[PDB]
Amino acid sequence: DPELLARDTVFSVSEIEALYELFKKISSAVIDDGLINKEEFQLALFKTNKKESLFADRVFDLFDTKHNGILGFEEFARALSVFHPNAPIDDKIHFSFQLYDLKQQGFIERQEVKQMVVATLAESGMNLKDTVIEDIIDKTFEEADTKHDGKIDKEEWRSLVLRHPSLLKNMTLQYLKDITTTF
């Protein structure tokens, strides 16, 4: 019954049905168990299981709210609702904060930011020198760290992404608007 998920998300019933078609494809790609495992999630995101990514690691964790290391359709649909263009921005800010808190013990810390800058520059083959990365991170903290403790807390994260909305572009999938035609 798609009415329950439709009620709880910003998807319509028809969009939930379309999302289920996508779910069935992803979930049957490696093990035919009606569920999405991490390998299947990587194949969906990247088209290969050879790309090991801290983004995939974090996002899969946050999708997997019943933390058994495998996704059912309810988890898939509720998580993807966060990415819909019409989802509450507070949901996008919360999810992204928890994503970037790599060690999962609070705050977005300098070491977590640096690990992500190094990894993302490597995705582009633009492996900038340590002094340049440090300059960029310095400037980031200069702006973000208004409660001056050298760490980015949830209120500081909110302020930064409210100020620079393009920082949340990866928290919206415009494709979800046309899901019923694609699927």
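One rule holds for the numbers: they count along the sequence shown, beginning at 1.
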**Message:** So, looking at the entry's B-factor column for Cα atoms, which has the higher mean, 5-13 or 167-175?
**Reply:** 5-13
**Item:** 16-24 versus 158-166 - which carries the larger mean C-alpha B factor in the record
**Value:** 16-24
**Among 39, 153, 52, 32 - the residue whose C-alpha B-factor is largest in the record** = 32
**Prompt:** Out of 57, 64, 142, 123, which one has a C-alpha B factor higher than all the others in the entry?
**Reply:** 142
**Request:** Would you check the entry's CA temperature factor for residue 75 and let me know if it's in the chain's lowest, middle or highest third?
**Result:** middle
**Request:** Quick one: classify residue 105 as lowest, middle or highest third of the chain based on its Cα B-factor.
**Result:** highest
**Asked** If you rank the chain by CA B-factor, which third does residue 81 end up in: lowest, middle or highest?
**Response** middle
**Relative C-alpha B-factor of residue 115, binned into the chain's lowest, middle or highest third** = lowest
**Asked** Relative to the other modelled residues in the chain, which third contains the C-alpha temperature factor of residue 127: lowest, middle or highest?
**Response** lowest
